[PDB]
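So the structure is just underneath, and the comments pick up after that.
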Amino acid sequence: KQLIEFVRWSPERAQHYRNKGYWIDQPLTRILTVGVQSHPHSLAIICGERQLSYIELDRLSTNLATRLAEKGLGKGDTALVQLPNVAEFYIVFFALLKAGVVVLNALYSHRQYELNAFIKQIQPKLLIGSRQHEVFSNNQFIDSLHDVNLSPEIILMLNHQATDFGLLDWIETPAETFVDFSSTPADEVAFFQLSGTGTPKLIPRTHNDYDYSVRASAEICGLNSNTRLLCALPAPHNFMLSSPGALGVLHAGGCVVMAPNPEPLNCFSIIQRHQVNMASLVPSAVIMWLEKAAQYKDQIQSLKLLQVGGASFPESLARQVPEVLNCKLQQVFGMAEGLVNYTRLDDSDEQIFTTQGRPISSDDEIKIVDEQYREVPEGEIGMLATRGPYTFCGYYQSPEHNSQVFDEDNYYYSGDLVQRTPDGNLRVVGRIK
Ligand SMILES: O=C(O)c1cc(-c2ccc(OCc3ccccc3)cc2)nc2c1cnn2Cc1ccncc1
Ligand SMILES: [Ca+2]
Ligand SMILES: [Ca+2]
Ligand SMILES: [Ca+2]
Ligand SMILES: [Ca+2]
């Protein structure tokens, strides 16, 4: 009955973030609840041939939540989920939020080695995966867990075998009996994000802090009920989930449109079919798109905004976005640990093409420091340190590492090398180990 442990913000900071209206002390399910109230029949998710309305998304995740609760999974428990880019990812995410189960969403590209490390760290009582994934092709991996007393009490499979619990069965049919359930408290852990060498580290995220980042990002990117966002990056990634990502689009009442990956021809036909107007990519994928865009100009005309974040995205490449992809560019530099930066939609061309923008919050605090951790002269290159209303205060159960990446004032040192431009934005220039 003990809630998952995590490092808290100081009480003084928590109060300030409430006073400012950042933390409103609602669960992440707020997004769905409110949507169902306002526009139950608007499309929330488009996936292949399927069209899920807000109320359907709400019903289905409720069904699964009741099933999990009926089996005694709830507050204090954790879950490991590994699903590809399909509507079930969101159904499951909202079900676990509803049920009070703290969930770690593994990347679909993760393998037995990562999965094992995650299971060891969070002792999930629930595992959801897909039979089509390499790790669950056979029962080797699953059986291995019994050999080590880490077997989950419940295992659900997408593309299940006859003797499996079918994920779709637990979604489609509500439970026999009724057991009470509810989200974890808003200033407590909702789910684990993952850092992006060694296995990824677990980043506890509370409803308060995640919802804030989501609502504020949605406003910054001008999302609204007509937004149709392509989800071609991995759904669990902070960028694709919250920046502003699927949660942002749902917050704004719009629709998420799934793609398996950023392969251009498939993405282009999806964009044409559903008149997608927003997408989010990393530079290597922007380059793939640029290679075909001229020829498939007609298919992607509806794009109005493309976010680009990740690796190097030099100016000469950035300028090709409006020129070739025929949509506005927004640069994004963020981290699953918290801090996200966006170029604003009304920024100058220079800002948009040569910087990675500025923080979500007026209360995102930034230090740029030299080798002695003294703030460098304004405009010079330095190591990034940050804290704010949606930046974490430590990795899960990692006191040693935490002490090595936070300073006495609880600034987080992300290892990024950056400089502030005169205009006020940030330029990412490298990384330090
Ligand atoms: O500094 C970075 O290394 C970085 C990587 C990625 C990123 C990398 C891979 C992703 O998915 C990996 C993938 C790419 C192409 C096809 C299939 C999978 C998603 C985001 N996104 C980044 C980075 C820096 N800002 N952003 C945007 C961002 C926004 C919010 N939270 C975290 C990151
Ligand atoms: Ca439907
Ligand atoms: Ca366009
Ligand atoms: Ca053009
Ligand atoms: Ca980093």
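When we count neighbours, we look across all protein chains shown, and the Cβ atoms used for this are built from the backbone with ideal geometry, even at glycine. Computed from the coordinates by the stated procedures, all read-outs in this text should not be read as laboratory data.
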Quick one: which residue in 36, 86, 101 is surrounded by fewer than 24 Cβ atoms within 10 Å (Cβ to Cβ), touching a strand residue (DSSP E or B) at 6+ places or on another chain (Cβ under 6 Å) and β-branched (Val, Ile, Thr)? 86
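Yes or no, residue by residue, for (1) over 28 Å from residue 219 (Cβ atoms); (2) in a helix (DSSP H, G or I); (3) touching a strand residue (DSSP E or B) at 6+ places or on another chain (Cβ under 6 Å); (4) within 16 Å of ligand 2 (Cβ to nearest atom):
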| site | (1), (2), (3), (4) |
| --- | --- |
| 268 | yes, yes, no, no |
| 279 | no, no, yes, no |
| 291 | yes, yes, no, no |
| 299 | yes, yes, no, no |
| 306 | no, no, yes, no |
| 336 | no, no, yes, no |
| 344 | no, no, no, no |
| 352 | no, yes, yes, no |
Which one of 108, 90 is aromatic (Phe, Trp, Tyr), within 21 Å of residue 240 (Cα to Cα), within 16 Å of ligand 2 (Cβ to nearest atom) and under 21 Å from the mean Cα position of the chain (by Cα)? 90
Enumeration of residues in segment 99-151 that are on the phi > 0 side of the Ramachandran plot and among the polar types (S, T, N, Q): 123, 149
Any idea which residue in segment 104-131 is surrounded by the fewest Cβ atoms within 10 Å (Cβ to Cβ), counting only those that are assigned to a strand (DSSP E or B) and of a type in the set (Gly, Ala, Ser)? 130
When the residues of segment 305-330 are filtered to those that are within 13 Å of ligand 1 (Cβ to nearest atom) and more than 19 Å from the chain's Cα centre (by Cα), which remaining residue is nearest to residue 417 (Cα to Cα)? 312
I'd like the full set of residues that are in contact with a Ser or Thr (Cβ under 8 Å, 6 or more places away or on another chain) and in a helix (DSSP H, G or I), limited to segment 69-89. 70
Given the conditions (1) part of a loop (DSSP other than H, G, I, E, B); (2) closer than 28 Å to residue 118 by Cβ, every one holds for residue 377 apart from (2)
Restricted to segment 245-266, and to residues that are outside any helix (DSSP H, G or I) and in contact with a strand residue (DSSP E or B) (Cβ under 8 Å, 6 or more places away or on another chain), which residue is nearest to ligand 2 (Cβ to nearest atom)? 255
Filter segment 308-321 down to the residues that are under 24 Å from residue 359 (Cβ atoms) and either within 16 Å of ligand 4 (Cβ to nearest atom) or touching a strand residue (DSSP E or B) at 6+ places or on another chain (Cβ under 9 Å) (or both) and list them by number. 308, 309, 310, 312, 313, 317, 318, 321
Can you tell me which residues in segment 308-318 are more than 16 Å from ligand 5 (Cβ to nearest atom) and outside any loop (DSSP other than H, G, I, E, B)? 308, 315, 316, 317, 318
Scanning segment 331-365 for residues that are in contact with a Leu (Cβ under 7 Å, 6 or more places away or on another chain) and closer than 16 Å to residue 423 by Cα, the one nearest to ligand 4 (Cβ to nearest atom) turns out to be 352
